[PDB]
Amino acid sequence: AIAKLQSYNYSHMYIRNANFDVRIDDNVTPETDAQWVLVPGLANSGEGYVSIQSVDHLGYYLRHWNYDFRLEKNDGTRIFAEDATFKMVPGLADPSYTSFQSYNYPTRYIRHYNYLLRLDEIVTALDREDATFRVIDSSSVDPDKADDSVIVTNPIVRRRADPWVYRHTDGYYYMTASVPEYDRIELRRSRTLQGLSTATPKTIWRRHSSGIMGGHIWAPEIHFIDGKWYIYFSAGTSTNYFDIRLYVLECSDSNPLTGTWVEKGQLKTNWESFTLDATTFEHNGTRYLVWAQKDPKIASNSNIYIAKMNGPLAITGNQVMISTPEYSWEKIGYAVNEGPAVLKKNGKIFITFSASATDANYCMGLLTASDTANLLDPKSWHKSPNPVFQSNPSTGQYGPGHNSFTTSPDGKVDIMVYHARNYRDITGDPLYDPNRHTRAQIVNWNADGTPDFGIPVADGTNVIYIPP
């Protein structure tokens, strides 16, 4: 069967053939360089054992030689067959994934190192992750196949935080997220939320090697505005990774996974300071920017602001603070409001935000305005006094937040996409614990028309929506 072999720790990268060089790469072009045929093993066709055949050079297989990997044509020798036969076993870093144990060296596994493929003994946790792969084959969810039922297995996407999911008018969801290295902007698409798991992501932009846009790269969001694609994202500098401002990329091409992305520069606000997590929405003919920013006069890391926009590339007028940390549940670790996300429903405009540190104490609050009010008047916005989404020990989910909102494909139900960890205790600076995973669940509605987010669902299969 035809398969891609995706790295466990670099999930944007795939085992591929590069003119007979065997490596892992992202943005594999042509895509067939990353496609393999898993066949019954040359040295043993029986249970477990496979051989990994090139789709372009049939009769050529991956074989180890002096513990390095080569793509070579089967020469009919027993040594070749043994060097090209591997038992598929449960993944060494995660038994739900796959590892490839050598037929003739059964203590050695296929692993990547400096992006090249080797056959090594596996000792460290690094080794285990380097030797674990996700097999994407014909039984995997096809991201190009439409389906009105929303059934996901959470986590949908491992090790992606701040998930942004945008349902476009072409019948695809588009997803951007923070990557654990905070060093690039990643895009994927799927007609179903579950297909986001198996979709091939593309690195559409990498940070500069010095200076501006050269520090932390955080929380990109892709939007379609006035016929063009925009990515709003936050970036520090190479000399201060945390001197973060808003930046914009633009793509006029219709497919953002194949089109050309252009830097447009900084999206400036009323003053220069720590600024991040921008989103935008339209209502009654006006477009707004909603974002997080430090005010030097307020002892919080950031507050929530709204402003009218003047096209996709600027705000106009004065920015208005509509949330600042006030309750103790906004100030665990440090005082912060960030990650705004907009949901329109029932004659209201809802803005969730995240608060407290990005460890298990992370949680969400809610702002509510009437959709006929002046959205630039702070008195139009009401903050809920308690968190509206938070850790839940009984479901094993910790620090949920920086969410986005989307819908089922038929638009009839609202779905929240957010990150959380499936353990509580973090060693070290939580910013560098990479295990916030992307997941989704239904948004329920109270009789009074306000959202009920419930509690973060436990890992596993979640039936979000079946149409009537």
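Numbering starts at 1 and follows the sequence shown.
Averaged over Cα atoms, the B-factor as recorded in the entry is higher for 150 to 158 than for the other of 171 to 179 and 150 to 158. Relative to its counterpart among 327 to 335 and 216 to 224, 327 to 335 has the higher mean temperature factor, C-alpha atoms as listed in the PDB entry. Of the residues listed, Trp36, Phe405, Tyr67, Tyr60, the entry assigns the biggest Cα temperature factor to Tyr67. The entry assigns its greatest Cα B factor, within the set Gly211, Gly76, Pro201, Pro340, to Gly76. The PDB entry assigns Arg118 a C-alpha temperature factor belonging to the middle third of its chain's modelled residues. In this PDB entry, the Cα temperature factor of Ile426 sits in the top third of its chain's modelled residues, the highest group. Among the modelled residues of its chain, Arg207 has a C-alpha B-factor that falls in the middle third, as given in the PDB entry.
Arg188: CA B factor lies in the lowest third for its chain, per the PDB record. The deposited CA B-factor of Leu126 belongs to the middle third of values across its chain.
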